[PDB]
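In the form deposited in one PDB entry, a lone chain appears below as structure tokens.
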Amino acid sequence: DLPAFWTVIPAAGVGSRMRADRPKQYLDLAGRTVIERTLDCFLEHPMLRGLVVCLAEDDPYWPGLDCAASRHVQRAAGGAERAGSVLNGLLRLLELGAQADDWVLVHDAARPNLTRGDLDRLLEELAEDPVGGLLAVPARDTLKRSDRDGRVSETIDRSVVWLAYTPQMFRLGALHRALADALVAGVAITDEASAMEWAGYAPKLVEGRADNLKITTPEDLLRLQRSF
């Protein structure tokens, strides 16, 4: 029995202007936008309590998508960076009736190839975890550490090294506290796990598929064009 969960998709920091080199979340992926496909990975999950997309209030692409006119997609205002956008997302979840002990999944807007199997794996492996955790994949490339002069100082043992993916799954109140405090503290937050780790907690790694990739170059798009 998978746990109930909320989803937050931080998708803000889009200009007010359309640009010829579009934001990655609005690139075409086999006939639909990246972000539309990302939302498809969650919207029909039977345990989804609600999904919030964090958007610039003047985002010019969003109002043209059918997910902008969906009762199943709620909206929160973007922040100054990902953490503030996620924080606004959590406040929105509380308006929708979320409780402090509810699971929240935060997922990259530009990871449209999340499979139901990986989603369910994350939910089931963390449902009783003390902290939560994240999808991650084993590092397969050879990893070298550089010394001060740009020479190899060691080859890192990559059998203990994992690439951090999303979703990342944490309880609402705990994540809110960690993100808010880390911002005040001046921490260089990357993902939600980085805030939880700064707060002292050790997230659990859950192995996912390597092809749950993030679109960071319009060229990454090519890798996924046959995935749907």
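Note that residue numbering follows the sequence shown and begins at 1.
Below, we refer to the form solved in complex with a small molecule, which is not included among the displayed structures.
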| property | result |
| --- | --- |
| Contact flag, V152 vs the small molecule in the deposited complex, heavy atom cut 4.5 Å | no |
| Contact label in the deposited complex: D129 to the small molecule, heavy atom within 4.5 Å | no |
| The small molecule contact in the deposited complex: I215, any heavy atom under 4.5 Å | no |
| Contact of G79 with the small molecule in the deposited complex (heavy atom, 4.5 Å) | yes |
| Listed range touching the small molecule, judged in the deposited complex by heavy atoms within 4.5 Å, from 121 to 129, 144 to 152, 98 to 106, 80 to 88 | 80 to 88 |
